[PDB]
Structure formats: C-alpha cells, structure tokens
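Labels below follow one simple rule: chain letters A, B, ... track the order of the sequence lines, proteins then strands, and each chain is numbered from 1. Note that these values count all heavy atoms, side chains included, but never hydrogens, waters or copies made by symmetry.
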Amino acid sequence: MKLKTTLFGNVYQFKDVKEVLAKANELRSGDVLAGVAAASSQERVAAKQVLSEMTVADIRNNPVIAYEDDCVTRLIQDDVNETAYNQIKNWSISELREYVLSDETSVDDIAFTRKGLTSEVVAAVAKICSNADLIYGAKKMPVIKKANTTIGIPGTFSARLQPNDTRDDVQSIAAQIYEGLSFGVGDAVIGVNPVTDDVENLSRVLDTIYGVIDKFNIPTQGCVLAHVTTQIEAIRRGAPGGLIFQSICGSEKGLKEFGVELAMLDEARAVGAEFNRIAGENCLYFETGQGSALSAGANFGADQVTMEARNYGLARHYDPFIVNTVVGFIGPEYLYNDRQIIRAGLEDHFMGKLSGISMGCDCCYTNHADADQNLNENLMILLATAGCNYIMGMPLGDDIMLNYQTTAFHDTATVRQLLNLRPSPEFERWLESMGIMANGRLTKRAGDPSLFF
Amino acid sequence: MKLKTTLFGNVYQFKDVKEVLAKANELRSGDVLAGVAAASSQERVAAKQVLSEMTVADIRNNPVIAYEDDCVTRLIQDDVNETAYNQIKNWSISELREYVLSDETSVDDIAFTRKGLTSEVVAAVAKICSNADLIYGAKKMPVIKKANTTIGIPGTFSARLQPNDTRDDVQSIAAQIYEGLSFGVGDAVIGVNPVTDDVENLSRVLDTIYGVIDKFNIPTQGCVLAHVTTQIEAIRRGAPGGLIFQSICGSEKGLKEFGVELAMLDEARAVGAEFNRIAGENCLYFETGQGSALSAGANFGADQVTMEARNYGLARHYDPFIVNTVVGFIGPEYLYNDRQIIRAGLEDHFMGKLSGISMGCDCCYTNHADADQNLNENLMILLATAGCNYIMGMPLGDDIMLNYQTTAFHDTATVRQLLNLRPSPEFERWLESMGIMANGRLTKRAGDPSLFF
Amino acid sequence: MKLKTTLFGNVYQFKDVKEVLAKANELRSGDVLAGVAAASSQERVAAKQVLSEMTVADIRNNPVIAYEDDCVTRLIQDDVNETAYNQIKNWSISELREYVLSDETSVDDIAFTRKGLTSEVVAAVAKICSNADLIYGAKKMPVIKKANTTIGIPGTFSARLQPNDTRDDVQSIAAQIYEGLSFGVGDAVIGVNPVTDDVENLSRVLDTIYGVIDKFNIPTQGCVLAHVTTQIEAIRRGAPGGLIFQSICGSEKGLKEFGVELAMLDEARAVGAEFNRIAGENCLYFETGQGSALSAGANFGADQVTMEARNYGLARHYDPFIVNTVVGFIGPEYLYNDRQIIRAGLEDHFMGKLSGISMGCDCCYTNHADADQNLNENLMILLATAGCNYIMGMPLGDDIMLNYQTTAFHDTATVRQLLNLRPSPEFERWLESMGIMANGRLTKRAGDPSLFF
Amino acid sequence: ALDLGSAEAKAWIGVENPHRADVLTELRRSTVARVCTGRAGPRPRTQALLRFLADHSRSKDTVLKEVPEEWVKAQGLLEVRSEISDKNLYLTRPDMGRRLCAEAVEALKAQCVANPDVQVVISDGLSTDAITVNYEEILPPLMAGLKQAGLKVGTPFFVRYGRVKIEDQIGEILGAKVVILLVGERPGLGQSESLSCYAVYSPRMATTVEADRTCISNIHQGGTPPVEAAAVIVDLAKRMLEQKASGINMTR
Ligand code: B12
Ligand SMILES: C[C@H]1O[C@@H](n2cnc3c(N)ncnc32)[C@H](O)[C@@H]1O
Ligand SMILES: C[C@H]1O[C@@H](n2cnc3c(N)ncnc32)[C@H](O)[C@@H]1O
Ligand SMILES: C[C@H]1O[C@@H](n2cnc3c(N)ncnc32)[C@H](O)[C@@H]1O
C-alpha cells in the first residue's frame with residue numbers, strides 16, 4: 001500500500017493508515033482539537049485519494065487500536081465472516097464505495113458483503129462519500145428489527161418519545177407522554193433519561209411509562225437510560241423491562257471511562273430474554289456520537305469518525321433493536337456549526353446502516369454551538385430521506401433537564417406527511433384505533449393530549 | 001392438580017403428568033410399543049380431559065426428564081421468558097388451546113405467549129387438538145427465517161432438493177439437481193445425505209452442489225447431512241459452507257446416541273458465522289421425527305409426541321433456518337399406517353410452529369409400513385394448507401439410497417399451482433429469469449433438466 | 001384392444017372391459033364384497049396398465065350394462081356429442097389422463113372434450129389417477145351453477161345446512177338453522193331429510209325453512225329430501241319450492257329399487273319451472289355414493305366406482321344445481337377405513353367434475369366403520385383444495401336422526417378462512433349485511449344463533 | 001406392448017419437446033434415480049406412475065419374505081434367532097429383535113470360538129434379498145482376508161429376526177474384540193438387495209451407544225460392490241484393533 005501521492009505536482013506523504021483515515025475527513029473542530037486533521041484542503045484531498053486507493057485488507061489489518069490491547073478491536077475482528085472478507089479483501093476503498101452505491105448491488109448483495117467488513121473499513125468508505133452519497137447509500141441499506149414494533153421497513157419512520165424531567169416527576173413525565181402519543185411519537189421507544197440512578201426511582205419511572213402502555217394497550221416498549229447495571233437490577237427486582245440501554249464507546253479505555261464491561265452487555269441480553277416484555281427478538285438500545293472517545297482520552301490518536309464507526313462494530317455483535325447517534329449532543333469543541341453537524345449526522349447514519357445495525361439519529365445541538373433549530377429541521381429531513389430508522393421527540397424539542405434541543409413531536413408528523421412515510425405498522429394500527437391517525441396523517445383531533453382523558 | 005376424572009360414571013385415575021400426556025395421544029403403534037398408550041378410547045378421552053384441565057404451570061413444573069439429569073430439559077427450562085410464563089401459568093391447557101385457535105389472537109400475541117411455554121406444554125396443546133385444529137392453528141403461526149432465500153412467508157411454499165446417490169456419484173447428484181431446479185425445487189436447500197462420512201468426499205459433494213449454484217447464480221444454499229463434526233471439519237478446511245445440519249433428539253441420552261454434545265451445535269453456529277456463504281442470519285438445519293428417542297432407549301417412559309416437542313424446544317435455542325420432521329422415515333413400529341402418519345405430521349408441524357421454529361416436513365413412508373404414495377400426496381397437501389414451510393423433492397419421490405419414498409419434484413409444483421403459492425421470493429426471481437416459472441406456474445419448457453444445457 | 005399384459009415376466013389375462021375396470025381400482029371392501037377386486041397388488045397394477053392402454057372407443061363401446069337393457073346406459077350414450085367423441089375416440093386412457101392434467105389444457109378445452117365422454121370412460125381416467133392427480137385434475141375443472149346463489153366459482157366454497165330432527169320438530173329444525181347461518185352455512189341449500197314422507201309434514205318443514213328465509217331475506221333455497229314424488233305433490237299443492245331432490249343410482253334396476261323413473265325427473269324439472277322460487281336456471285339436487293348399486297343387487301358385476309360414475313352421467317342430463325356423493329354414508333362393507341373413504345371422496349368429486357356436474361361431497365362416516373371425525377376433517381380440506389363445490393353442515397357434525405357424522409358448521413368457516421375462500425357471492429353479501437362476515441371471516445359476533453333474535 | 005419391469009421401461013424418457021434430447025439420455029444413464037420422465041402439467045406422466053406402482057407392489061413383497069432355513073444350512077451357517085418368533089412380530093417389536101433368545105445365548109456359548117479378535121454375524125434384518133444375493137460374493141473374501149496376514153477369527157453365524165443392537169450382546173457373550181454385522185436394510189422402491197455393515201469394538205450392552213459403531217451402507221451391485229466391500233471391512237477391523245475404538249472414536 002502507498003502512503004503517498006502527488007497532487008498538482010506536490011508529494012503528500014502520510015505516516016500510517018491512522019493518519020490517512022483522519023486527514024481524509026471533512027473539516028470538523030474535533031479533529032483539529034485532536035490534532036489529527038488535514039493541514040490544507042489539498043492535503044485533505046490527497047488523504048482521500050490515498051485512502052481511496054488502499055484495499056479492504058490494508059484497512060482491515062490496521063485497526064486504529066491493536067487487537068492485543070483492546071477488547072472492542074477483538075470483538076470487531078472476531079466477528080468477521082472470513083469467506084466474505086476473502087472475496088473483497090483486494091478491493092480498493094474506491095471500488096467498495098462504488099459497489100455500495102451501484103443500483104446493480106441489491107440489499108442481499110450488501111447483506112453478505114458487509115459481514116466481510118470491519119469498522120475501520122466502514123469508516124473509510126464514508127470518508128470518500130459526498131453528502132448525497134451518504135444519503136443514497138444509506139437509503140439502499142435498510143436494517144429491520146423488531147421489539148413490540150417493527151422498525152426500519154422502507155416507507156416507515158419511527159420516533160423515540162423522550163419525556164425527561166428535572167426531578168423525574170412522574171406527572172411531568174406522564175404529561176409529555178400523552179402529548180407525544182397524540183402526535184404519533186413513541187413507536188421506537190418511550191425512553192426517559194433519569195436524574196437519579198437508583199432502583200426505586202427507575203422502577204417508579206418505569207411503572208409510570210408502563211401504566212400508560214398498559215392502560216391503552218400501546219404496542220411499544222419503555223426504557224430508562226440509566227447505567228446498564230442499575231437497569232438490570234431494577235428489572236431483576238421486578239420493574240417492567242422493555243429495552244435495556246447503554247451508552248457505548250469505541251474502545252476498551254472508553255468503555256472503562258463509562259464503567260462498562262462487555263460482560264454487562266452479555267448480561268443485559270440474558271436478562272432481557274428472562275424478563276422483558278418484548279414480542280420480537282431485539283431488546284437492546286445503544287447511543288453513540290462523535291467525540292465521545294476523544295473526550296475520554298481514549299481515541300489513541302484516531303479521528304472521531306473512525307472511533308464512531310467502531311461503536312457500530314461493537315453494537316452489531318449484540319444485535320440491538322435500535323442505535324442512534326446523538327449527533328450534536330456534546331458541544332462545539334467536537335462539531336462546531338450546521339455544516340459539521342449535518343455532515344456528522346449523515347456519516348453516522350450511513351456507517352451505522354453499512355454496519356448492519358438499526359440506525360437512527362438524535363438530530364440535536366447545544367446552545368453553546370453555532371447552531372439553531374433550523375439546523376435540526378434540515379438534518380431530520382435529510383436523514384428521513386436516507387431512511388433513518390428513527391429520531392427523537394420532545395415538546396418543541398426543548399429538553400428541560402439535558403439542556404439541549406432535539407426534534408419536536410411536530411417534526412415526526414411533518415416528516416411522515418411530507419414524505420408519505422408511515423409509523424411502525426403495529427403502532428400505526430394503534431394510532432388508527434385511537435383516532436389519532438388516518439392514512440398516515442394526523443386527524444383533526446390529533447395533537448391534543450387531553451384526547452386520552 | 002386433578003389426576004382423575006369421571007367419564008360415564010366410571011373413575012379414570014392417572015399416576016402422574018407423564019402418563020396423562022401419554023394416554024391423551026391419538027392411538028399409534030409407537031405408544032403401544034412403549035407401553036404408555038391408553039387402554040381404550042374411553043381412557044384416551046379421559047386423559048385428554050384431565051390434560052385439558054391441567055394448568056401451564058402443572059405441565060411446566062413436571063418435565064418428563066428432570067432438570068438436574070438432562071441438559072435438554074435445562075436448555076428448555078432456562079430459555080423461558082419468565083414474565084410471559086407468569087402471565088399464563090394459571091391458564092388451563094384447554095384455555096391455551098382456545099387462545100391459539102382464536103381469530104382474536106394475533107401473530108404478535110403468540111410471539112410473546114410462546115416464550116412462556118416449555119415443550120411439554122406445547123405437546124399438551126397438540127394432544128387435545130383435532131386434525132383441523134392442528135392445521136388451522138399452525139397456519140396462523142407463521143415462522144419466517146432467511147439464509148440466501150426467505151422461507152415461511154404466508155403465501156409461499158419451499159422445497160428441499162434431496163439429490164442422493166448410492167455411491168455419492170457426483171454425476172448422479174448433479175443429474176438430480178438439474179431435474180429438481182427445473183421443477184422449481186431447491187429454495188429451502190440443496191441437501192445430500194452422504195454415503196461416506198469423510199472430509200474429502202463431503203468436499204466433493206459440496207463442490208458439486210456449489211458448482212451448479214455458482215454457474216447459474218442461484219439464490220439458495222447447499223448442505224451435506226453427515227454428522228455435524230465432519231461438516232465442521234470440512235468447512236474449516238475450505239469446503240463451501242451453506243447450511244450446517246444435525247439430527248437431534250429430545251433428551252441428553254438420545255443426543256449421546258447420535259454422538260452429539262450441545263457444544264457441537266454452539267460450535268456449528270460459530271463456524272457458520274466465520275465461514276458460511278449465507279447472506280441472512282439463519283444457517284442451521286435440524287431434522288427430527290417421532291420415535292427417535294424411544295429407539296435410543298432415551299424416552300424415559302414418555303410418549304413419542306412429547307419427546308418430539310422437546311426436539312423443537314432444543315432447536316429453538318439455535319434459531320435455525322429450517323427444521324423438519326421426517327414423519328414416517330423409520331418404520332411401522334412407531335407409526336403404523338396412513339392415519340397415524342398423517343396425524344403425526346400435523347402434530348409435528350403444529351408443535352414446531354408453536355415453538356417458533358421454521359417448521360417443514362419430509363412427508364414420507366417406508367416399504368414395510370402400511371402406506372403408499374397416495375399417503376404422501378394426502379399429507380403434503382394438508383400440511384401445505386397448514387402453511388408448512390417446506391417439503392422434500394426427489395425424482396418421483398424414490399430415494400435410491402435411503403430406501404424410502406418422499407415427495408416428487410412434481411408434488412411441489414402441484415401444491416404451489418393448486419393453492420396459488422409461490423417459492424421463496426429470491427428463488428422465484430431466479431426461476432423467472434431462467435424461464436422455468438411465470439406467475440407461480442411452470443412454463444411450457446419447465447420440468448426439463450436439459451434446459452440447463 | 002388387448003386384455004393382457006406381461007408384468008415382471010408374468011402374463012395377466014383379463015376377461016372383459018368390465019373386469020379390467022374393476023381390478024384397476026385401489027383396494028376397497030365393496031369390490032371384495034362384490035367379488036370384482038384384483039387378487040394381488042401386481043394384478044391391480046396389470047389392470048391399470050391394460051386399462052391405460054385401452055382407447056376411449058374401447059370403453060365407450062363396452063358400457064357395464066347394455067344399451068338395450070338399461071335406460072341409464074341409453075341416456076348416457078344418447079347424450080354424447082359425436083363430433084367431440086370422434087376427435088378423442090382413438091386416444092388411450094393414458095393419453096386422456098395426461099390431457100386432463102396438462103396445464104396447456106384450458107377449461108374451455110375440457111368443456112368440449114367432456115361431451116365426447118361416457119361415464120365408463122370418466123371412471124377409467126379416475127382409476128389410473130393418484131390422489132393428487134384427482135385433486136389437481138378436479139381443481140382445473142370448475143363447474144358453476146346458479147339457483148338463488150351461485151356455486152362453483154373458483155375461490156368460493158359453499159355448504160348445505162342440514163338441520164335434521166328425529167321427530168321433524170320444527171323448533172329443533174329452526175334452532176339448527178339459526179346456528180348454521182351464524183357460521184355462514186347455507187349458501188348451497190337449507191335441506192332437511194324428513195322422518196315422515198307425507199305432504200302435510202313436508203309443507204310444514206318447508207314452511208319452517210322459508211319462514212327463516214323470508215324473514216331475513218336470505219339469498220338461498222330450501223329443500224326436503226323426501227322421495228321426488230311427494231316433493232312434487234307438496235309443491236303442486238302450494239308448499240314453497242326451492243330445490244327438488246332425488247337419490248339416484250347408476251342403473252335402471254337400481255332406480256327401480258328406489259322407485260324412481262326417469263319420467264319423474266323430467267316432471268321435477270317441469271314442476272320446478274312452473275312453481276319454484278329460483279332466480280337462476282338450476283333447481284334440481286341429487287345425491288349419490290359408492291356401493292348403492294351393489295346394495296340394490298344392481299351393479300351387474302361392475303365395481304362401485306364405475307357404477308358411481310354412471311350416476312354423474314345420469315345427473316348431467318338434468319343439469320342440476322348441485323350433486324354430492326355421501327361418501328361414507330352406508331358402512332364399512334363398501335368403504336372400510338380412512339384410506340378408502342378419502343380415496344372414494346377424491347374419486348367421486350373428480351369424476352363428477354369431469355362429467356360437468358356441480359359436484360360436492362358429504363364428507364362423512366358411520367360409527368360401525370373404522371373412521372373418526374379426524375377423517376372428515378382430513379377429507380374436507382383435501383376436497384376444498386380440489387375446488388369441491390360444497391360440503392354439509394350440522395352442529396359439530398352429529399346427525400341425530402340419520403345416525404352418522406358429517407362435517408360441523410365450524411368446518412366450513414375453517415376451510416374458508418384457512419384457504420381464503422368466500423361463500424357464494426350473493427350469500428356473502430347477506431352475511432356481511434347481517435354482521436356475520438367481514439372479508440371472508442367470521443366477525444366476533446358470529447357463531448351465535450341468538451344474533452337473529 | 002411393454003413390461004413395466006423391463007429395462008426398456010426403466011430407461012424411458014418422457015420429456016416432450018426437450019431442449020437437448022441427447023443430454024437427457026446422458027442424464028438418464030448417470031443415475032438410478034427416476035429422472036427425465038417428464039410431466040403432465042405438474043403431475044407425473046402415466047407410464048412413470050405405472051412403473052412406480054409396479055415397483056411398489058414388488059417392493060412390498062420383499063418385506064415379508066424369509067431366507068429359507070435350507071439356504072442358511074447350504075452355507076454351513078449356524079442359525080440362532082432373536083426373541084422374535086415371526087416376521088410380522090419382527091416389524092412391530094424392535095425391542096425383541098435386539099435381544100437373543102435364551103436358546104440363542106446357549107447355542108453361541110456352546111458352538112462358537114471364544115474370545116475372537118473379529119467376530120462375523122449375518123442377519124436378515126429388514127431384507128432377505130440383501131443376504132441371499134450378496135452372501136457368496138462378500139463373505140469368503142472377508143473370512144479369508146481376515147485370516148491372511150491376520151488373527152483370531154470367530155465362528156460366523158446367522159441370526160434370524162435380528163436388529164443392529166443385538167451385536168452388543170453377541171460381543172459380550174463371545175468376548176469378541178470386534179463384532180461385524182452384515183444386515184439387510186429396509187427395502188427401497190426399485191431394489192431390495194442393499195446390505196450394510198455395522199461394526200463395533202468391544203461392545204457392552206450397558207454402555208455402548210450407537211455412535212460407537214462404524215456403518216458401511218449400500219453394499220450391493222448398484223452401490224459398493226460386495227467383493228470391494230469385504231476389503232474395506234477387513235481394513236476397518238484392523239484399524240479398530242489398532243486403535244481400540246470404533247465409530248466416532250476412530251481417528252480421521
Ligand atoms: C433408519 C435410518 C436412521 C434412523 C435409525 C432409527 C431406527 N430405529 O431405525 C435414524 C433416523 C435415527 C437415523 C439416524 C442417523 N443416521 Co441413519 N440411516 C437409516 C437408514 C435409512 C436405514 C438403516 C437400516 O435400514 N438399518 C437396518 C435395520 C435392520 O436396523 P435397525 O436395528 O432397525 O436400525 C438401527 C440402524 O438403523 C442404526 N443406524 C441408523 N442410522 C445410523 C447411522 C450410523 C452412523 C450408525 C452407527 C447407525 C445407524 O440405528 C438403528 C438403531 O440401532 C440408513 C440408510 C440405509 N439405506 O441403510 C441411514 C444411515 C445408516 N444413517 C446415516 C447417518 C449419517 C445418520 C446420522 C449419524 C445422521 C446425523 N447427522 O447425525 C444419525 C445418527 C445415527 C446414530 N449414531 O444413532 C448414514 C450412515 C453414514 C455412515 N456410513 O456412517 C446412513 C447410511 C444414511 C445416510 N447416508 O445418511 N438413521
Ligand atoms: C448522556 C446521555 O446521552 C447519551 N449520549 C449523548 N451523546 C453521546 C455520545 N457522543 N456517545 C454516547 N452516548 C451519548 C448517553 O448514552 C446518555 O443517554
Ligand atoms: C437418517 C437421516 O434421516 C434423518 N432423520 C430421519 N428420521 C429422523 C428422526 N426421527 N429424528 C432425527 N432425524 C431423522 C436424519 O437426520 C438423517 O439425516
Ligand atoms: C338416504 C339419504 O341419504 C342419501 N344418500 C346417502 N348415501 C347415498 C348413496 N350411496 N347413494 C344415493 N343416495 C345416498 C339419500 O339420497 C337420502 O338422502
């Protein structure tokens with residue numbers, strides 16, 4: 001493999017695969033902060049060309065963290081289908097990009113080809129894709145999973161109802177739930193980020209969610225996004241189990257920062273199978289997002305796109321019901337403005353779909369970033385056209401305890417009616433019977449939480 | 001729990017659950033040979049009534065082989081979703097029967113409920129079902145899996161191409177393959193029962209199957225039904241891996257008779273993931289059939305229908321692409337005649353669908369049983385109306401090396417055109433491009449193996 | 001024509017066409033009782049081969065009873081289209097079998113070809129058909145007739161409501177009618193076998209049936225299955241006329257045993273046209289069944305399959321609305337067990353459809369035969385897949401005055417929902433308006449006779 | 001005119017308007033499977049079904065036929081039987097076919113070589129024809145080959161109404177290091193001649209499981225030639241003696 005190219009007669013020399021991956025990224029603040037970014041537009045393009053000319057094997061065999069030192073690397077590497085690898089190992093990243101985008105490549109062609117990939121290879125393809133490549137390529141890579149709703153069917157669009165509260169006040173939580181349901185939000189999950197991480201409070205919050213689910217026989221699932229350990233103990237002690245959540249990071253060191261061992265996620269799976277109220281086969285829920293590994297000092301000189309793709313390689317082992325990036329959750333130090341937040345969202349979704357996971361996106365931004373709500377509305381529509389499995393929903397997008405803005409309940413109804421997309425089929429039937437939806441559209445009486453009373 | 005009832009003024013008293021499960025069976029030669037059968041129609045009916053009045057908990061807590069003595073009991077018991085079990089544990093078997101048959105019970109309702117069952121409970125329901133109950137009940141429990149073809153979609157009907165030869169002659173095998181494909185058979189698998197259980201010969205047979213698959217770009221998978229350990233060894237040495245097969249039995253002792261440890265099936269799953277040419281998520285293939293455990297001295301006083309249900313509970317753990325009973329494969333000593341073979345085929349299919357596995361049936365009989373080819377044609381049509389996931393196909397159903405008669409390639413085309421069913425959608429597309437099928441029907445030039453030349 | 005063949009080097013010699021027809025039958029008790037059966041499986045196969053090699057003319061010109069001696073023979077022979085006969089007269093029975101089964105033979109091809117047949121030729125084809133041949137061949141030979149409902153359209157399935165009573169108690173009759181209607185039974189006919197054969201009782205029973213028909217404006221027709229003479233006199237005297245019924249037999253001597261002259265059936269037609277409340281053009285109803293002629297000592301050494309086919313040749317002259325065999329109505333001396341009863345049912349239906357009559361089947365058995373209700377459920381589903389025009393219906397199939405078991409009202413609803421078949425379109429509209437059916441399925445409130453009150 | 005048992009009947013090609021009729025004959029002689037008979041719609045053609053039925057009637061007959069006692073004598077074989085008394089019971093009571101009768105146990109102790117290295121047993125099992133047809137071809141090369149450059153050869157004998165697990169009891173009674181059972185398989189539709197060999201090292205009724213046996217199946221003129229089979233059996237018994245293991249326990 002070459003680590004060099006000539007661009008307008010100048011030689012650009014790169015040190016290793018890791019540097020090439022990093023410098024090929026479109027400009028983002030996190031990479032600058034990490035000290036891994038291209039020095040010039042010219043160097044960025046030289047990196048892309050070097051990268052485009054490397055082979056699948058070149059990148060498969062040069063993970064940004066070594067097998068011997070990192071259980072996420074080992075998990076990614078041990079899960080490769082070596083027969084599928086051997087078929088594509090000598091393709092260039094350029095040839096792999098064109099393969100994914102081709103209309104002669106079917107969903108089932110990619111189904112086998114992706115098993116020969118590792119996350120660094122997934123990241124490599126994304127780096128030499130334009131924004132429309134990332135949207136079209138992701139659209140033609142649907143990923144379908146099922147809990148009590150089915151998510152990911154082309155022509156559908158789901159949403160997490162996120163009813164958070166600054167005191168975990170069950171009345172405030174319940175009120176946001178009725179409002180969300182009244183817009184058709186909640187087929188992905190009714191999922192609460194709790195303020196307090198204790199078994200009694202988790203059970204209280206879960207009892208609240210399932211009280212609404214059980215009263216109207218809603219086909220959906222609840223979740224409390226506490227640490228996976230306290231979720232497991234709450235469920236073992238009798239709290240209703242729906243999805244089991246954990247925040248993940250793409251390195252062993254990053255997982256340690258979070259206090260997660262891979263053995264806990266094996267436990268989550270086993271606890272889900274024994275206890276959880278899930279009809280289908282998928283019950284886990286992960287969240288990811290660019291900059292996490294670098295924030296933990298656990299990127300090992302790799303760029304945030306490659307570290308994010310390793311999340312999806314980790315996630316795929318556990319076959320979750322849903323994964324989403326929380327695209328601008330952290331701040332401007334990792335993704336600065338609209339441009340970078342849209343790009344990252346398209347990248348994350350595409351890499352997730354290429355990895356075979358049920359990929360959604362929390363289209364969001366913070367108040368210390370150069371972003372506004374018009375940004376979230378741009379990205380959610382772009383990602384919907386990419387077949388994004390789900391987005392979030394809060395009343396007008398204002399999270400009163402996580403201190404950021406996501407998408408509004410309105411936005412899911414807008415996306416669905418704009419693009420003629422439906423909810424998860426099981427949840428759509430319930431909205432029809434509730435009088436909230438008819439032919440994919442909100443009825444006149446929808447949008448009114450008092451309809452449940 | 002009651003172990004007695006009064007019928008026409010006479011008391012019918014039973015000793016334990018195991019005896020009630022046994023005498024409730026419709027009469028068959030195997031239960032007589034095992035010593036467990038009812039003495040008379042009256043005692044059979046009395047047993048059904050006692051059984052219908054027992055609860056799910058009564059039967060779940062009384063597996064026919066104790067937990068501490070049998071790894072299959074442990075595998076079945078340990079896979080229960082205890083939340084689903086607790087919801088149903090006080091249902092009588094009579095209520096569980098009516099729930100399965102209810103038109104108000106949806107496919108998703110059963111998806112959760114069945115996770116609360118154990119195989120003995122599944123058997124209990126089948127035992128108090130009429131023939132039309134077993135057919136209608138199964139039809140409303142579809143099970144869909146995906147390898148390189150999708151199997152089990154309601155409205156479709158697949159077939160295993162079974163091209164066996166007395167000497168594993170690759171010319172005889174190929175010849176049968178071309179004939180089978182020309183009738184639209186082979187969307188379940190092209191699977192050979194090999195005569196010599198050795199690595200080089202398995203590779204030769206696999207190489208022959210995949211030469212045809214690769215030459216006409218066929219969406220399907222191949223399989224050689226040797227012992228699972230020799231399949232694993234051949235694939236690890238480079239033979240093309242499609243489905244990995246094993247015969248199974250419903251008790252640990254029965255698995256020992258076959259030379260099978262559960263670790264080997266765990267190994268087959270990991271070998272499939274590292275090596276096998278499969279786009280979808282399912283790559284294992286099991287075969288079952290009433291009388292195997294009794295033959296192995298491994299039924300521990302249980303009847304052959306209960307033992308067969310324990311096969312499906314074992315299978316479900318490994319989420320295989322296909323399972324089928326080999327309904328009359330063995331002889332008259334277990335299933336004597338037409339009546340008994342049809343009844344067992346309906347039972348087996350119903351229990352397999354209730355256990356959530358991809359259940360098909362080798363509709364067959366032997367020349368020392370009281371049966372003929374008209375029986376195969378009766379059963380294949382009834383099971384097709386039950387939504388049976390696949391049957392076998394051989395030229396006129398005459399197996400030149402297993403010495404029994406199965407269904408013809410003709411029979412799959414007959415079933416599909418009789419009932420307006422299609423093949424697996426990926427295989428149907430291939431048949432269309434080959435000019436073999438148009439609108440679910442054989443074209444004029446179909447049924448002619450020389451079409452491939 | 002040859003009456004001989006060599007099978008495994010042995011010569012099998014047959015005496016006449018009549019013996020060949022008889023010995024070619026699959027084994028059944030009636031033929032043994034009649035002394036016409038093959039002595040061995042080998043002789044049975046030799047008979048089939050001899051039979052397969054005979055021509056249409058060979059069998060047309062050798063009816064089992066001579067023209068000069070039998071008005072049924074003359075009726076059959078005089079009704080042949082000689083142009084259609086002359087086209088096929090030199091086909092072998094083997095070639096005719098393959099013609100019927102071919103997918104290149106259309107419904108309209110068979111429409112003309114069947115006019116060149118006689119009943120003995122129809123029987124000959126059936127004898128060299130396997131069970132699936134009989135099902136597939138019958139399915140592709142639909143026969144559509146119309147009274148006040150249309151019967152026989154592919155994709156539909158009708159049922160006779162059989163509300164019999166041991167005293168002709170009108171309250172018991174009425175109660176069974178409401179129950180039957182509540183399951184969607186009755187689009188073929190509401191037909192009562194009366195205990196007493198007198199004009200006042202027939203009128204009483206007819207008034208009861210038509211009271212229900214008129215009160216809910218049911219598109220259907222009533223019938224009392226008395227001797228045709230008392231039906232005619234009741235209707236002439238003002239009882240409401242719906243279908244006019246007569247039991248038939250395939251010989252002049254057999255008709256005499258029943259007290260029927262062909263002139264009475266000409267009278268039934270004329271009386272139907274003057275009096276009966278029928279919108280369409282078909283108003284007669286016949287019942288048949290294997291063994292009838294032999295029971296009358298009127299088979300003249302012919303086998304029961306050939307004598308049954310001559311029923312259909314007789315029936316076709318009068319173009320009835322419906323005909324059904326009553327397949328196991330008589331007892332084990334004519335059809336012994338499941339095997340023989342299923343076979344006979346498939347044969348009878350196929351021969352009826354080949355003869356161009358609106359053929360249904362009473363799938364039934366007696367308590368002195370080696371049969372049970374699981375047999376009726378096997379056969380009714382097989383025959384439904386063959387496009388059987390209708391079956392019977394009684395509460396759970398228990399006839400309280402004819403002392404036999406037929407199919408339950410449940411079974412028609414099962415067949416329809418299993419196979420996605422609809423009732424007669426006129427009757428389906430009435431069930432929809434009654435709230436009993438929606439999209440071919442029983443609503444929640446169906447199955448409840450109190451819904452009419 | 002045609003005899004459905006004739007070779008002409010078996011070779012018949014029934015495909016109409018074939019794409020390449022020469023290939024069809026090529027495929028037809030490639031296999032004994034009933035390929036290339038064509039179709040009538042989706043159903044079998046008349047001749048194909050007639051030949052199927054003919055063969056079935058013949059196949060059924062082979063099930064109940066017994067090897068005459070005089071045949072086993074003219075082969076110089078000692079005859080014992082299982083607990084089964086007749087062919088009808090044989091079909092329904094596999095448990096009794098797996099057990100020697102009390103007289104058979106005594107006849108074996110009285111008239112058989114004790115503690116042999118290799119003990120050969122012959123049984124009709126499910127197909128008389130598989131024995132009477134193949135016996136003269138496989139048995140002498142087998143008995144001779146075990147002697148030649150060999151070892152202690154037990155007394156071969158015939159077991160009437162035998163099932164495979166009965167070889168464990170024979171092994172225990174005789175102290176045989178290796179037991180070889182030649183037995184008829186259940187008859188197929190087109191032939192009833194297929195014989196197989198089940199061989200086990202030092203069996204014990206208590207503990208031997210079925211995977212402890214090595215199987216050699218489909219021994220007949222259409223499968224592995226009986227002469228050829230005897231040679232692989234000899235080598236196999238050598239390996240079982242070398243390895244002190246059988247079935248799944250042997251290397252490779
Ligand atoms: C019937 C049959 C079975 C039945 C046996 C049950 C029964 N009670 O009959 C069932 C369905 C259980 C079966 C299972 C298997 N069978 Co099997 N089976 C046959 C078949 C079609 C006929 C055997 C026969 O007629 N025996 C004669 C009668 C008189 O004997 P019996 O005492 O009634 O029956 C005993 C034998 O059949 C024996 N047996 C049956 N199969 C096998 C396989 C092996 C390896 C052994 C040692 C014994 C054995 O088990 C019975 C109980 O002791 C043959 C094919 C043939 N044409 O012979 C294959 C055949 C013998 N089986 C075979 C195989 C591969 C298997 C399996 C190992 C499959 C798997 N992947 O696990 C299993 C497990 C065997 C075991 N260790 O128990 C292969 C053997 C290949 C080889 N040379 O090793 C054969 C040749 C067919 C094939 N090519 O696939 N089988
Ligand atoms: C802090 C809360 O938001 C989710 N979350 C937000 N941003 C990220 C990220 N970049 N990586 C992982 N998890 C994230 C966490 O998993 C938790 O739910
Ligand atoms: C002997 C061959 O037939 C299949 N087979 C036939 N009958 C059964 C049964 N009852 N149980 C398991 N496998 C069976 C085996 O799996 C093997 O492939
Ligand atoms: C006796 C009652 O049953 C009908 N029925 C029952 N079996 C037969 C048969 N084999 N032939 C003619 N009619 C029959 C009669 O026509 C009458 O309705």
Residues that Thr406(C) engages under side-chain contact (heavy atoms from CB on, under 4.5 Å), provided they are two or more places apart
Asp362(C), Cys364(C), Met392(C), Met394(C), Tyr404(C)
Below 4.5 Å from any heavy atom of chain C, which atoms of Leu134(B) appear? Answer side chain, backbone, both or neither.
neither
Under a 4.5 Å heavy-atom criterion, the part of residues 410-422 of chain B in contact with chain C comprises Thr414(B), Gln417(B), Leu418(B), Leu419(B)
Using only non-hydrogen atoms and a strict under-4.5 angstrom cutoff, which residues of residues 369-377 of chain B touch chain C?
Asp370(B), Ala371(B), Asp372(B), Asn374(B), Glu377(B)
Which residues pass the salt bridge (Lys or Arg N to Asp or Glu O under 4.0 Å) test with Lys23(B), not counting sequence neighbours?
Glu19(B), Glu43(B)
Option that, when pairs with chain C are counted at under 4.5 Å, heavy atom only, ranks first among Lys139(B), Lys140(B), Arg339(B)
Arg339(B)
Atom NZ in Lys444(C), atom CD in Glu104(B): separation rounded to 0.5 Å?
5.5 Å
Separation of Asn131(C) CG from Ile381(B) CD1 (nearest 0.5 Å)
8.0 Å
Sole candidate of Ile342(B), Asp338(B), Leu379(B) that passes side-chain contact (heavy atoms from CB on, under 4.5 Å) when paired with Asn378(C):
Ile342(B)
